[PDB]
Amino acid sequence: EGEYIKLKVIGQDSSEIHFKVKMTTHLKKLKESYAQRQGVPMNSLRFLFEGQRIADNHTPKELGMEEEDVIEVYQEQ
């Protein structure tokens, strides 16, 4: 059993939602949940880690993410 890491997702308005994901989780699942909770279409948003686009099938392992890393959300637009 691998552990969850907790990521902070920062919106355009500086609001924050934190997500627990495993190192092998495909990050589309985070994107979909975030968009759902914001009440906007997932394709209206782009999700960045250190300024680089997060793909649907990127994993935290591929991106080298760790506990407390930040994802920023911008309009696609």
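The first residue of the sequence shown is number 1, and the count goes up from there.
Is the Cα B-factor recorded for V9 in the lowest, middle or highest third of its chain?
-> Lowest third.
Among modelled residues of the same chain, the CA temperature factor third for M65 | It belongs to the highest third of the chain when residues are ordered by C-alpha B-factor.
Relative to the other modelled residues in the chain, which third contains the C-alpha temperature factor of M42: lowest, middle or highest?
-> CA B-factor rank for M42: highest third.
Relative C-alpha B-factor of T25, binned into the chain's lowest, middle or highest third = According to the entry, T25 has a C-alpha B-factor in the chain's middle third.
Place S15 in the lowest, middle or highest third of its chain's C-alpha B-factors, as listed in the PDB entry.
-> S15: CA B-factor falls in the highest third of its chain.
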